[PDB]
Structures are given as structure tokens and as C-alpha cells.
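Taken in order, the sequence shown gives residues 7 to 268, 284 to 316, 331 to 461; the numbers are from the authors' numbering.
Worksheet: one structure, shown below.
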Amino acid sequence: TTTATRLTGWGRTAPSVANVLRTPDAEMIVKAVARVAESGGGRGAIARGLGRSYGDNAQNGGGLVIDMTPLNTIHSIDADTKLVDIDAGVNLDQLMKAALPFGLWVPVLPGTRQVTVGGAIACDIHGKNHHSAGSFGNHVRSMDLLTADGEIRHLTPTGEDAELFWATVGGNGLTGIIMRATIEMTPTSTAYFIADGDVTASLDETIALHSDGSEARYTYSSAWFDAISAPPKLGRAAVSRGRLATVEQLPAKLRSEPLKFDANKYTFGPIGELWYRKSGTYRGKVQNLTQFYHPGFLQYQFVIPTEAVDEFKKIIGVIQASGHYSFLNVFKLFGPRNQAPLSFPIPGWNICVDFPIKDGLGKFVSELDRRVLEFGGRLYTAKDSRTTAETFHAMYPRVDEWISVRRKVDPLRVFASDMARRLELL
Ligand SMILES: Cc1cc2nc3c(=O)[nH]c(=O)nc-3n(C[C@H](O)[C@H](O)[C@H](O)COP(=O)(O)OP(=O)(O)OC[C@H]3O[C@@H](n4cnc5c(N)ncnc54)[C@H](O)[C@@H]3O)c2cc1C
Ligand SMILES: CCOC(=O)NC(=O)c1ccsc1NC(=O)c1nc2ccccc2s1
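Set out below in C-alpha cells:
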């Protein structure tokens with residue numbers, strides 16, 4: 007049956023040991039849960055996907071961890087209803103490849119494609135197109151949730167059981183095990199993007215670019231930005247914005263199969294600024310997914340409400356001056372949020388930094404937490420392993436609402452993880 011394994015997140019940190027069940031037989035999974043639900047509850051069970059979450063949500067020290075990747079059956083795809091019916095274990099690379107021939111696009115892609123559907127729902131993932139498409143949960147039309155009582159619940163966003171549906175979205179696996187879901191895809195005539203590229207010189211410029219209205223012309227938008235340069239070079243960004251291309255906008259070479267998928286001395290001087298500027302400035306460039314989107332450390336991500344822009348600028352300044360240097364930095368403006376209590380995204384300034392692990396970093400991020408909290412923002416659980424129950428419960432004021440739903444569906448704490456215990460969501 008199970009195999010005791012040392013599990014971490016993608017951050018390869020905070021390791022715990024659990025029994026890792028790995029079966030393609032869904033019957034076995036159901037019985038593994040009934041087994042846990044009878045043995046008092048103990049340290050319970052958590053589902054695990056491709057383990058791309060940095061946090062400790064896909065691990066359950068001294069408990070059961072169910073690997074879902076074996077359950078990777080695509081059941082159906084329909085180009086007319088735009089619906090795909092797949093097992094939770096299918097990953098989004100797999101799904102993308104299978105659905106392109108139907109002229110269907112995965113409605114929310116994150117930075118890797120190596121994430122399962124279960125993981126995408128459970129962390130309610132977002133991406134480059136959040137401001138136009140929302141997050142993953144917005145596109146789930148149904149799901150089948152294995153609950154603590156051994157029953158499989160068919161959930162929909164509306165009608166009854168909506169509450170448990172929207173508690174499961176962003177619920178980090180703590181409502182039970184998603185076995186199978188139905189996703190509504192985005193119609194597309196190509197696998198290509200038409201991309202505009204802009205380059206800013208200061209943070210104030212970046213922000214201006216994201217509030218001038220131009221953002222409404224693009225469905226996909228994000229930026230790499232400078233978190234190391236002192237002001238006013240601090241916060242300058244390479245912005246990449248675009249939308250899916252039509253067949254008529256493809257060069258003839260590509261129009262045949264439109265849905266096919268397959284530092285020198287100058288560098289820090291004035292000539293290179295011109296290089297990086299000219300090279301990062303373009304209009305109507307045709308790019309495929311890889312070019313446009315998918316080309331020891333502590334990953335840290337937060338969002339600040341749109342209005343609190345001055346506070347957002349202050350936090351960036353804090354980061355630069357902190358002596359903690361991040362090169363890989365992702366800036367994006369989120370759009371409207373959804374009804375999931377524990378959903379990460381809210382409208383406003385979202386940023387992702389990557390800190391090398393060194394002295395006083397742990398203490399510094401704790402400071403950052405307080406500022407993010409102070410300013411009405413929050414951290415993302417799929418990126419976080421160190422924050423306290425305190426900060427988290429204050430960042431997510433509907434956590435109480437969420438918990439009540441969770442206790443309604445799992446009274447005996449049959450489902451559990453490291454994160455649940457740390458953030459007191461158990
Ligand atoms: C390089 C990189 C880039 C990334 N970019 C983005 C991004 O742009 N946007 C974004 O939002 N995220 C991003 N992420 C994070 C990633 O999308 C999420 O952490 C996602 O949840 C990972 O999916 P997974 O299958 O690996 O889940 P895991 O890491 O295995 O598990 C994550 C959570 O999902 C739950 N879960 C998994 N399967 C099930 C199931 N079948 N039933 C119930 N619960 C389940 C687990 O219990 C756990 O709570 C990135 C991660 C990496 C490594
Ligand atoms: C890899 C480039 O990806 C993107 O352009 N990023 C996005 O558009 C985007 C939008 C909102 S959040 C986000 N990206 C993220 O949260 C990412 N985290 C990591 C960690 C390691 C490597 C790549 C990434 S991308």
C-alpha cells in the first residue's frame with residue numbers, strides 16, 4: 007500500500023515524513039480515506055499533486071500523503087461545449103497538448119505547466135491573464151470531491167453545495183480529495199500570441215503604465231522589474247503584454263497549422294540600457310507560448340490592494356534598501372477577485388520576489404509580513420512556509436467563514452497537513 011517518504015515543497019525545505027500512497031485505482035484511494043477516518047483520525051491525510059507548491063500544503067508529517075498523479079485520465083473534450091472532463095491528476099501541460107487540436111486553450115496558465123488540475127484548484131492559481139480571466143476556480147464548472155465520510159460529492163459553483171465548492175477552491179486540499187473536475191476552456195484559433203513589449207525607467211513609470219488604461223487592451227500582462235537598483239531606477243520594468251492571435255494575424259508559414267505546439286563590457290553601461298530598451302520595446306510581435314510566457332532561495336509573494344499604491348511603493352523601497360537582493364521578480368496587476376474565502380488574488384499590485392537564503396532574512400520577511408498586513412494585502416500559501424497563523428488569519432478575514440464550512444464537512448479532522456497545523460486551519 008503506502009511508502010514512507012521524506013517530502014518537501016518545491017523550495018526543498020521544511021522536510022517531513024509521511025506514508026505516500028500512489029495508486030491509479032480510485033477505489034483504493036476511497037478505502038485509504040475510510041481507513042484513516044476509522045482509525046480515530048490521527049494525523050489524517052492530504053492530497054499531493056506535482057509538488058510544485060513551495061509551501062508545506064502538500065505534505066503531512068507523520069500522516070498519509072496521497073499522490074494523485076497516477077489518476078491522469080482525460081475522459082472527454084468537446085469543442086462545442088468547450089468542456090474538458092478530466093481526472094484531478096492530469097497536469098496542465100498534458101491538458102494543453104490534448105486540447106489544442108480542438109481549438110481550446112487552458113483558461114488560466116501559471117508559470118510552469120507542470121501542475122495538476124487538483125493543485126490548480128486547491129491553490130486557486132492565477133497567471134499572466136488574471137485581470138481578464140480571473141483565477142482557475144472561475145473556470146471550474148463541476149468537481150467531484152471525496153469527503154471525509156467516504157462519499158463522493160458532485161460540486162458546482164451555483165446551486166446547492168456551492169459553499170463547499172468555493173471552500174474547496176483555494177482550500178489547499180483541506181475539504182478532501184478532488185478526484186475529477188469539469189473545466190470550461192477558452193476558445194482559440196491559434197497557439198500563438200500577439201505581443202507588445204514596453205520598458206519603463208522607474209517604479210513611478212511602471213505604475214503609471216498600469217493605470218493609464220492600456221491594460222484593458224491586453225488579455226495577458228506581466229513584467230520583470232528591478233528590485234535592486236536604488237531610486238529612481240528602482241522599479242523599472244520590462245513589460246510583456248498581449249493576447250491570443252487569430253489565424254489571419256499569423257505569418258503564412260504558420261497559417262497551415264495554427265494550433266501546433268512544439284554579459285559583456287557594455288552590459289551595465291549606457292549602450293546596454295539602449296540595448297535592453299530597444300530589445301524590450303516592440304509592437305505586434307508573434308510569439309508562441311514558450312516565447313511569450315514559459316521561457331537555497333526563499334520565494335515570497337504578496338498583493339497590495341490597488342488603492343494603496345503609495346504603500347506599495349514604500350514596500351518596494353524597503354525591499355531594495357534591505358540588503359536582500361532579488362533578481363527574478365514578477366510584477367502584475369490583478370483584476371477582480373472571486374467568491375472563494377481563501378482565494379489569494381485580489382485587485383491590486385502583485386509581486387513575486389526570490390531571496391537568497393542569508394543572515395537575518397527570516398527576520399526581515401516577518402517585517403515584510405507586517406507591512407503587507409498593515410496595508411490590507413496578503414501572502415500566497417502556495418509560495419509560503421514561514422508565516423504565522425496570526426498574520427494569515429488577519430490577511431484572510433473570511434478564514435472564519437471558511438473554517439466553519441471545513442468543520443461542517445470534516446468534523447473529525449480526517450484531512451490534514453503541515454500547513455493546516457501551522458496556520459491553524461485544521
Ligand atoms: C516555477 C513555478 C512557477 C509558478 N508560477 C505560478 C503562477 O504564475 N501562478 C500561480 O498561482 N502559481 C504558480 N506556482 C505555484 C503552483 O501553481 C501551485 O503551487 C500549484 O498548486 C502547484 O500544483 P501541484 O499539482 O504541484 O500541487 P502540489 O504542490 O502537489 O499541492 C499543492 C496543493 O494542492 C493540493 N492538491 C493537489 N491535488 C489535490 C487534489 N487532487 N485534491 C485536493 N487537493 C489537492 C495539495 O493538497 C496542496 O494543498 C508556480 C510554482 C512553480 C514551481
Ligand atoms: C516565468 C515567467 O512567468 C510569468 O511571466 N509570470 C506571470 O505572468 C505571473 C503573473 C502573476 S504571478 C506570475 N508568476 C509567478 O508567480 C512566478 N513564480 C516563479 C518562480 C520561479 C520561476 C518562475 C516563476 S513565475
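Each residue gets a CB set at the ideal place from its N, CA and C atoms; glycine is no exception.
- For the 8 Å CB-CB criterion, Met74 and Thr122 form a contact.
- As for any beta strand (DSSP E) of minimum length 3 sitting wholly inside the region 406-460, there is none.
- Looking at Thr194, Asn178, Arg41, the one whose alpha-carbon comes closest to that of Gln65 is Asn178.
- The continuous alpha helix (DSSP H) containing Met102 extends over residues 98-105.
- Ranked by Cα distance from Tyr224, the options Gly125, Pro432, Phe199 are led by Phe199.
- Counting other Cβ atoms within 10 Å of its Cβ, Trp296 stays below 16 and is therefore classed as exposed.
- In terms of Cβ geometry, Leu70 and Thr8 form a close pair [threshold 8 Å].
- The beta-carbon separation of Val449 and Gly47, rounded to 6 Å, stays under the 8 Å limit for a contact.
- By the criterion of a C-beta distance shorter than 8 Å, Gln355 is surrounded in its chain by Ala233, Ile234, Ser235, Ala236, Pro237, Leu240, once the five residues flanking it on both sides are discounted.
- When C-alpha distances from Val440 are compared across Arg18, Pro30, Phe171, the shortest belongs to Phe171.
- Burial is judged here by how many other beta carbons sit within 10 angstroms of a residue's own beta carbon; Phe366 has at least 16 and is buried.
- If you look at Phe267, you'll find it isn't in any alpha helix (DSSP H); DSSP assigns it neither H nor E.
- The C-beta separation of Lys348 from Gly61 comes to about 28 Å, leaving the pair out of contact by the 8 Å criterion.
- DSSP places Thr174 in the helix class (H, G or I) of the three-state scheme.
- Just so you know, the alpha carbons of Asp218 and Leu27 end up roughly 51 Å apart.
- Taking the CA atoms as reference points, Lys443 sits about 42 Å from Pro107.
- Cβ-Cβ distances below 7 Å link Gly156 to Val36, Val39, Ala40, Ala43 in the same chain, with the five nearest sequence neighbours on each side left out; the list follows chain order.
- Here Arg433 is exposed. Its C-beta has fewer than 16 other C-beta atoms within 10 Å.
- Proximity of the beta carbon of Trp384 to ligand 1 is not indicated: no heavy atom of the ligand is located closer than 7 Å.
- For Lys306, the enclosing beta strand (DSSP E) starts and ends at 303-309.
- Within the region 129-214, the complete alpha helix (DSSP H) segments at least 4 residues long are 136-139, 168-174, listed from N- to C-terminus.
- Remark: C-beta atoms of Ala24 and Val175 do not approach each other more closely than 8 Å.
- For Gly293, the uninterrupted alpha helix (DSSP H) segment begins and ends at 291-300.
- Residues lining ligand 2 by the Cβ criterion, that is a Cβ closer than 5 Å to any of its heavy atoms, are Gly117, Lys134, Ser228, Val365, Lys367, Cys387 in chain order.
- Between the region 130-143 and the region 379-389, the count of C-beta pairs closer than 8 Å reaches three or more; the two stretches touch.
- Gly383 sits in a strand when the DSSP states are folded into three classes.
- Counting only the Cα atoms, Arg421 lies some 39 Å from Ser300.
- Looking only at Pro316, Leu368, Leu333, the smallest Cα-Cα distance to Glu342 is reached by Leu368.
- Between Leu110 and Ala251, the alpha-carbon positions lie close to 13 Å from each other.
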